[PDB]
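A.B. asks: Below is data-v3.cif; it holds mmCIF, C-alpha atoms and all ligand atoms.
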data_run
#
loop_
_atom_site.label_atom_id
_atom_site.label_comp_id
_atom_site.auth_asym_id
_atom_site.auth_seq_id
_atom_site.Cartn_x
_atom_site.Cartn_y
_atom_site.Cartn_z
CA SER I 394 23.37 10.14 -26.52
CA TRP I 395 21.51 11.27 -23.38
CA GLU I 396 22.99 14.81 -23.32
CA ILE I 397 20.53 17.57 -24.34
CA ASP I 398 22.09 20.93 -25.32
CA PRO I 399 20.65 23.65 -23.04
CA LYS I 400 20.54 25.98 -26.11
CA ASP I 401 17.74 23.69 -27.26
CA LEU I 402 15.64 24.64 -24.17
CA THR I 403 13.25 27.54 -23.63
CA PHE I 404 11.72 27.87 -20.11
CA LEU I 405 8.12 29.07 -20.27
CA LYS I 406 6.15 28.57 -17.03
CA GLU I 407 6.68 27.13 -13.56
CA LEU I 408 4.98 23.81 -12.84
CA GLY I 409 5.94 23.35 -9.20
CA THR I 410 8.54 22.38 -6.63
CA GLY I 411 9.39 18.96 -5.31
CA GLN I 412 12.36 17.05 -3.94
CA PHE I 413 15.03 18.45 -6.25
CA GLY I 414 13.67 21.99 -6.44
CA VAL I 415 11.86 23.79 -9.26
CA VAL I 416 10.17 22.13 -12.23
CA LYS I 417 9.45 24.27 -15.29
CA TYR I 418 7.30 23.75 -18.37
CA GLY I 419 9.16 24.50 -21.61
CA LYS I 420 9.95 23.72 -25.22
CA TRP I 421 12.71 21.42 -26.53
CA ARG I 422 14.08 22.33 -29.97
CA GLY I 423 11.32 24.89 -30.41
CA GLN I 424 8.64 22.25 -30.89
CA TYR I 425 8.33 19.66 -28.13
CA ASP I 426 6.65 20.28 -24.82
CA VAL I 427 8.89 19.27 -21.94
CA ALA I 428 9.03 19.38 -18.19
CA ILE I 429 12.45 20.56 -16.94
CA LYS I 430 13.52 19.65 -13.43
CA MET I 431 16.17 22.19 -12.46
CA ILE I 432 18.14 20.33 -9.84
CA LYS I 433 18.69 22.39 -6.66
CA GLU I 434 22.36 22.24 -5.69
CA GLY I 435 22.83 20.16 -2.54
CA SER I 436 19.62 18.19 -3.21
CA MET I 437 20.94 15.34 -5.41
CA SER I 438 23.73 12.74 -5.61
CA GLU I 439 24.45 14.09 -9.08
CA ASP I 440 27.46 11.96 -10.03
CA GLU I 441 25.60 8.77 -9.20
CA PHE I 442 22.50 9.89 -11.02
CA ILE I 443 24.53 10.94 -14.10
CA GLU I 444 26.29 7.51 -14.08
CA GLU I 445 22.89 5.80 -13.92
CA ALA I 446 20.78 8.01 -16.17
CA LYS I 447 22.08 5.80 -19.00
CA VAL I 448 20.21 2.74 -17.69
CA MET I 449 17.28 5.12 -17.23
CA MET I 450 17.31 6.32 -20.85
CA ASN I 451 16.77 2.67 -21.84
CA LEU I 452 13.59 2.46 -19.80
CA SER I 453 10.99 3.22 -22.40
CA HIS I 454 7.37 2.41 -21.96
CA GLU I 455 4.06 3.87 -23.06
CA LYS I 456 3.08 4.25 -19.34
CA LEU I 457 6.38 5.68 -18.01
CA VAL I 458 7.11 9.38 -18.13
CA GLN I 459 9.67 9.34 -20.94
CA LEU I 460 13.06 10.72 -20.12
CA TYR I 461 14.26 12.88 -23.05
CA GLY I 462 17.69 13.66 -21.71
CA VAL I 463 19.93 15.47 -19.28
CA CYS I 464 22.01 18.66 -19.18
CA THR I 465 25.00 17.83 -17.05
CA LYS I 466 27.77 20.06 -18.28
CA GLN I 467 26.54 22.81 -15.99
CA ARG I 468 25.06 23.60 -12.58
CA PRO I 469 22.40 23.21 -11.74
CA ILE I 470 21.88 20.06 -13.80
CA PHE I 471 18.55 19.66 -15.68
CA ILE I 472 16.51 16.55 -16.36
CA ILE I 473 14.28 16.73 -19.38
CA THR I 474 11.12 14.67 -19.63
CA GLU I 475 7.90 14.20 -21.47
CA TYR I 476 5.42 16.94 -20.55
CA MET I 477 2.20 15.82 -18.81
CA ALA I 478 -0.44 18.44 -19.35
CA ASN I 479 -2.86 17.36 -16.64
CA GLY I 480 -0.19 17.37 -13.92
CA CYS I 481 -0.08 15.36 -10.73
CA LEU I 482 -2.56 12.43 -10.43
CA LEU I 483 -3.17 13.22 -6.74
CA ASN I 484 -4.45 16.72 -7.60
CA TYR I 485 -6.31 15.32 -10.62
CA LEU I 486 -8.06 12.71 -8.44
CA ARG I 487 -8.99 15.49 -6.03
CA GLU I 488 -10.93 17.76 -8.43
CA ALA I 489 -14.62 16.87 -8.00
CA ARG I 490 -15.38 18.28 -11.46
CA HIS I 491 -14.04 15.10 -13.30
CA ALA I 492 -16.76 13.04 -11.66
CA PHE I 493 -14.98 9.83 -12.66
CA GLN I 494 -16.77 6.61 -13.46
CA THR I 495 -15.27 3.60 -11.70
CA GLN I 496 -14.21 2.31 -15.09
CA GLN I 497 -11.98 5.39 -15.53
CA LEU I 498 -10.50 4.80 -12.05
CA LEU I 499 -9.66 1.17 -12.98
CA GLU I 500 -8.04 2.37 -16.26
CA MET I 501 -5.87 4.65 -14.15
CA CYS I 502 -4.78 1.59 -12.08
CA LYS I 503 -4.16 -0.36 -15.32
CA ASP I 504 -2.04 2.50 -16.71
CA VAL I 505 0.23 2.42 -13.62
CA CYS I 506 0.19 -1.44 -13.58
CA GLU I 507 1.41 -1.60 -17.17
CA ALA I 508 4.27 0.75 -16.29
CA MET I 509 5.18 -1.21 -13.16
CA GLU I 510 4.99 -4.56 -14.90
CA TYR I 511 7.48 -3.15 -17.43
CA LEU I 512 9.70 -1.88 -14.60
CA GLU I 513 9.48 -5.32 -12.93
CA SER I 514 10.44 -7.03 -16.21
CA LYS I 515 13.64 -4.95 -16.12
CA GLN I 516 14.07 -5.75 -12.39
CA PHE I 517 14.03 -2.01 -11.61
CA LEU I 518 12.43 -0.74 -8.38
CA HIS I 519 10.52 2.51 -8.13
CA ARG I 520 10.87 2.83 -4.34
CA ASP I 521 8.45 5.74 -4.11
CA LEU I 522 5.32 4.68 -5.95
CA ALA I 523 2.34 6.89 -4.99
CA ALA I 524 -0.23 9.03 -6.74
CA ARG I 525 1.85 12.13 -5.99
CA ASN I 526 4.57 10.53 -8.23
CA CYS I 527 2.21 9.86 -11.12
CA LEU I 528 1.25 12.32 -13.80
CA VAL I 529 -1.69 12.71 -16.20
CA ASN I 530 -1.34 13.61 -19.88
CA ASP I 531 -3.73 15.58 -22.04
CA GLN I 532 -5.57 12.39 -23.00
CA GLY I 533 -6.14 11.39 -19.38
CA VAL I 534 -3.47 8.68 -19.52
CA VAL I 535 -1.65 8.07 -16.26
CA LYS I 536 2.13 7.54 -16.31
CA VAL I 537 4.60 6.69 -13.63
CA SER I 538 7.16 9.38 -12.92
CA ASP I 539 10.56 9.67 -11.20
CA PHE I 540 11.01 5.92 -10.94
CA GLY I 541 14.28 5.16 -9.18
CA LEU I 542 15.18 8.82 -8.42
CA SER I 543 14.80 8.17 -4.63
CA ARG I 544 18.36 6.77 -4.56
CA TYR I 545 19.87 10.20 -5.33
CA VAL I 546 17.94 12.24 -2.72
CA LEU I 547 20.35 13.77 -0.16
CA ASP I 548 17.66 14.98 2.30
CA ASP I 549 17.73 12.53 5.28
CA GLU I 550 14.16 13.51 6.18
CA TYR I 551 13.05 11.73 2.99
CA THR I 552 15.41 8.74 2.99
CA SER I 553 15.49 7.66 6.63
CA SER I 554 12.61 5.37 7.72
CA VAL I 555 12.15 7.70 10.70
CA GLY I 556 12.47 10.93 8.64
CA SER I 557 9.52 13.35 8.49
CA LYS I 558 9.17 12.89 4.76
CA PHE I 559 9.62 9.14 4.44
CA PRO I 560 6.64 7.60 2.51
CA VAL I 561 5.61 5.61 5.61
CA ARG I 562 1.99 5.31 4.31
CA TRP I 563 3.11 3.60 1.09
CA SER I 564 5.62 1.23 2.74
CA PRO I 565 5.30 -2.49 3.66
CA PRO I 566 6.22 -3.54 7.23
CA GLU I 567 9.55 -5.05 6.16
CA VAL I 568 10.66 -1.67 4.72
CA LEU I 569 9.64 0.19 7.93
CA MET I 570 11.19 -2.31 10.26
CA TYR I 571 14.16 -3.70 8.39
CA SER I 572 14.81 -1.56 5.30
CA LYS I 573 13.94 -4.62 3.23
CA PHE I 574 13.37 -3.19 -0.25
CA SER I 575 12.27 -5.53 -3.08
CA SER I 576 9.87 -5.89 -6.03
CA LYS I 577 7.28 -6.82 -3.35
CA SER I 578 7.71 -3.42 -1.67
CA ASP I 579 6.73 -1.65 -4.91
CA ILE I 580 3.78 -4.10 -5.11
CA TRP I 581 2.67 -2.86 -1.61
CA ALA I 582 2.93 0.77 -2.65
CA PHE I 583 0.96 -0.15 -5.79
CA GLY I 584 -2.03 -1.39 -3.78
CA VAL I 585 -1.97 1.76 -1.67
CA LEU I 586 -1.88 3.79 -4.95
CA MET I 587 -5.05 1.91 -6.11
CA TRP I 588 -6.65 2.92 -2.75
CA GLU I 589 -5.57 6.49 -3.46
CA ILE I 590 -7.30 6.37 -6.85
CA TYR I 591 -10.51 4.70 -5.68
CA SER I 592 -10.80 7.10 -2.68
CA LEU I 593 -10.39 10.09 -5.13
CA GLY I 594 -7.13 11.29 -3.57
CA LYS I 595 -7.58 10.82 0.20
CA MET I 596 -4.49 10.52 2.36
CA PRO I 597 -4.06 6.81 3.16
CA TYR I 598 -4.86 6.24 6.86
CA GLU I 599 -6.31 9.79 6.85
CA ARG I 600 -6.99 9.72 10.59
CA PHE I 601 -3.59 8.32 11.62
CA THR I 602 -0.13 9.82 12.01
CA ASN I 603 2.84 8.06 10.31
CA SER I 604 3.80 6.23 13.57
CA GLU I 605 0.21 5.17 14.13
CA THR I 606 0.15 3.87 10.54
CA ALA I 607 3.29 1.76 11.10
CA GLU I 608 1.74 0.11 14.22
CA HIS I 609 -1.60 -0.44 12.50
CA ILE I 610 0.02 -2.35 9.61
CA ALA I 611 2.40 -4.26 11.91
CA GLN I 612 -0.71 -5.40 13.83
CA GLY I 613 -1.83 -6.77 10.47
CA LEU I 614 -4.55 -4.18 9.91
CA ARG I 615 -5.02 -2.57 6.47
CA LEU I 616 -6.77 0.18 4.58
CA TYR I 617 -10.60 -0.08 4.39
CA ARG I 618 -12.40 -0.55 1.04
CA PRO I 619 -13.02 2.80 -0.63
CA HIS I 620 -16.74 3.18 -1.33
CA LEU I 621 -16.10 3.27 -5.05
CA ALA I 622 -14.14 -0.04 -5.03
CA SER I 623 -16.07 -3.25 -5.76
CA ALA I 624 -15.22 -6.43 -3.85
CA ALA I 625 -13.13 -7.58 -6.85
CA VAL I 626 -11.21 -4.24 -6.92
CA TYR I 627 -10.62 -4.38 -3.15
CA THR I 628 -9.28 -7.96 -3.44
CA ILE I 629 -6.70 -6.84 -5.98
CA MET I 630 -5.36 -3.97 -3.81
CA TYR I 631 -5.58 -6.06 -0.63
CA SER I 632 -3.54 -8.83 -2.27
CA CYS I 633 -0.68 -6.24 -2.49
CA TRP I 634 -0.58 -6.00 1.28
CA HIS I 635 0.00 -9.61 2.37
CA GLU I 636 2.19 -9.71 5.45
CA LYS I 637 4.45 -12.36 3.82
CA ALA I 638 6.17 -10.47 1.00
CA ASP I 639 6.51 -13.61 -1.12
CA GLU I 640 2.68 -14.02 -1.18
CA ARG I 641 2.14 -10.65 -2.81
CA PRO I 642 1.46 -11.03 -6.56
CA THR I 643 3.69 -9.70 -9.37
CA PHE I 644 2.73 -6.76 -11.56
CA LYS I 645 2.12 -9.31 -14.30
CA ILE I 646 -0.48 -11.08 -12.06
CA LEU I 647 -2.04 -7.77 -10.99
CA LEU I 648 -2.34 -6.71 -14.62
CA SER I 649 -4.27 -9.84 -15.56
CA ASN I 650 -6.50 -9.41 -12.51
CA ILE I 651 -7.27 -5.77 -13.40
CA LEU I 652 -8.06 -6.71 -17.05
CA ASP I 653 -10.39 -9.46 -15.75
CA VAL I 654 -12.29 -7.03 -13.52
CA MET I 655 -12.55 -4.64 -16.47
CA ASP I 656 -14.12 -7.44 -18.49
CA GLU I 657 -16.38 -8.57 -15.69
CA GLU I 658 -17.56 -5.17 -14.51
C1 LIG I 701 -0.85 21.17 -2.81
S1 LIG I 701 -1.28 22.18 -4.27
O1 LIG I 701 -0.95 23.54 -4.03
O2 LIG I 701 -2.58 21.84 -4.73
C2 LIG I 701 -0.20 21.71 -5.60
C3 LIG I 701 0.64 20.61 -5.47
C4 LIG I 701 1.48 20.24 -6.50
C5 LIG I 701 1.48 20.98 -7.69
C6 LIG I 701 2.40 20.57 -8.78
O3 LIG I 701 2.06 20.73 -9.93
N1 LIG I 701 3.59 20.02 -8.41
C7 LIG I 701 4.62 19.55 -9.24
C8 LIG I 701 5.91 19.47 -8.70
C9 LIG I 701 6.97 19.01 -9.46
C10 LIG I 701 6.76 18.62 -10.77
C11 LIG I 701 5.48 18.69 -11.33
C12 LIG I 701 5.25 18.27 -12.74
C13 LIG I 701 6.12 17.40 -13.36
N2 LIG I 701 5.90 17.01 -14.67
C14 LIG I 701 6.56 16.19 -15.53
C15 LIG I 701 5.86 16.19 -16.70
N3 LIG I 701 4.81 17.00 -16.56
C16 LIG I 701 4.79 17.51 -15.34
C17 LIG I 701 3.91 18.42 -14.66
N4 LIG I 701 2.79 18.92 -15.33
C18 LIG I 701 1.94 19.93 -14.86
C19 LIG I 701 1.89 20.27 -13.51
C20 LIG I 701 1.03 21.27 -13.08
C21 LIG I 701 0.20 21.95 -13.98
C22 LIG I 701 -0.72 23.03 -13.54
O4 LIG I 701 -1.81 23.11 -14.07
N5 LIG I 701 -0.43 23.96 -12.57
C23 LIG I 701 -1.42 25.00 -12.20
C24 LIG I 701 -0.75 26.39 -12.28
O5 LIG I 701 0.50 26.37 -11.55
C25 LIG I 701 1.47 25.40 -11.96
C26 LIG I 701 0.87 23.99 -11.84
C27 LIG I 701 0.25 21.58 -15.34
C28 LIG I 701 1.11 20.58 -15.77
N6 LIG I 701 4.17 18.75 -13.41
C29 LIG I 701 4.41 19.15 -10.56
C30 LIG I 701 0.64 22.09 -7.83
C31 LIG I 701 -0.20 22.45 -6.78
#
What would you get if you wrote out this structure as structure tokens?
C.D. replies:
Amino acid sequence: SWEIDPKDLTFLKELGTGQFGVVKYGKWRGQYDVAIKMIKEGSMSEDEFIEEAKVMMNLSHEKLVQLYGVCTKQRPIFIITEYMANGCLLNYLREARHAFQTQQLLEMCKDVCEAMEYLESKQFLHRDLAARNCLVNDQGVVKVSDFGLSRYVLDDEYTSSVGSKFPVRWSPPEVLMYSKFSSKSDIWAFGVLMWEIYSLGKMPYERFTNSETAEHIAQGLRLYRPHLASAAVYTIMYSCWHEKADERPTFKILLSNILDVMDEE
């Protein structure tokens, strides 16, 4: 089943820290590259995550960071996933050396859209979609990471709408004002993620604070067109930010729009 034996793990180098503590690069069964999130005690609702990692092991898609398993008969617990050699998309976007063509940026958006369309087909929310939660493999393929792990974060700064680490800049109004989470809230975050990609990793609303961002969007104002985005590309991302949640497209619609732009441009 889902349970990896920790004897089958070697820890090689440190990849970074995030919400649940350290993440290490390693080998699984002396052959397979893996990332290993070592879960900082106190950071996670471990029993709920364990009980729900089963559902998560059934989420398998070409554009989702593949879960390989868990080590849960120990503390701290580990979570083993597919290794993504090119690391965080946000950093990737930020290195001027890649000198991306707009076609490669759109492929990045398509990668994430495929993953999210699959998630939507399973009626499973990400809740924290953003470039910082996307990874890049050795072939330049973008995959969506840590989908659904937000529910097991014990830090109130991250989970409360008013917390200092809440993804205010990726959230629709109805999340900020009413904690109304839905497939349409992931759609909103998706459009902001496209803006992140087309602006080569800028902070959304770069000149605003979080509070200023919430007022801006409640006044009905949105992110400006990144220079690199064509009118077609802007229309896609802007469609994700309709004030009425029910007028935002599905990931299935967004996918067919992205493929069309690819064909057209
Ligand atoms: C703000 S900053 O200092 O530029 C900065 C911000 C974030 C990171 C970062 O990698 N964070 C992070 C946090 C949790 C999990 C993960 C993380 C999770 N993963 C799941 C699957 N694969 C990965 C993966 N792959 C990586 C990450 C980083 C590198 C890398 O080249 N590094 C350079 C040398 O030092 C180690 C990293 C290589 C592969 N990184 C990544 C590194 C630097």
A.B. asks: Hey, which of I:536, I:447, I:454, I:573 ends up closest to residue I:479? Count all atoms listed in the file.
C.D. replies: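 Distance minimum relative to residue I:479 lands on I:536.
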A.B. asks: Using only C-alpha atoms and all ligand atoms, determine which residues fall within 8 Å of ligand LIG 701 (chain I), then list them as a PyMOL selection string.
C.D. replies: chain I and resi 406-412+414-418+427-430+458+474-481+484+528-530+538
A.B. asks: Nearest to residue I:496: which of I:590, I:605, I:648, I:537 is it, counting all atoms listed in the file?
C.D. replies: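 Of the candidates, the smallest distance to residue I:496 is held by I:590.
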A.B. asks: With all atoms listed in the file as the basis for distance, which of I:463, I:652, I:587, I:621 is at the shortest distance from residue I:493?
C.D. replies: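 So, comparing all the options, the nearest one is I:621.
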A.B. asks: Ranking I:542, I:397, I:518, I:502 by minimum distance to residue I:413 and counting all atoms listed in the file, which one comes first?
C.D. replies: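 The answer is I:542, which sits nearest to residue I:413.
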A.B. asks: Each residue of stretch 429-528 of chain I lying at most 12 Å from stretch 627-635 of chain I should get a row with its shortest atom-to-atom pair and the distance in Å to one decimal, counting only C-alpha atoms; could you produce that, ordered by chain and increasing number, as a tab-separated table?
C.D. replies:
residue	atom	partner	partner_atom	distance
I:499	CA	I:629	CA	11.0
I:502	CA	I:630	CA	10.0
I:503	CA	I:629	CA	11.6
I:506	CA	I:630	CA	11.5
A.B. asks: Between atom CA of residue I:636 and atom CA of residue I:482, what is the distance, to one decimal in Å?
C.D. replies: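 Calculated distance between atom CA of residue I:636 and atom CA of residue I:482 is 27.7 Å.
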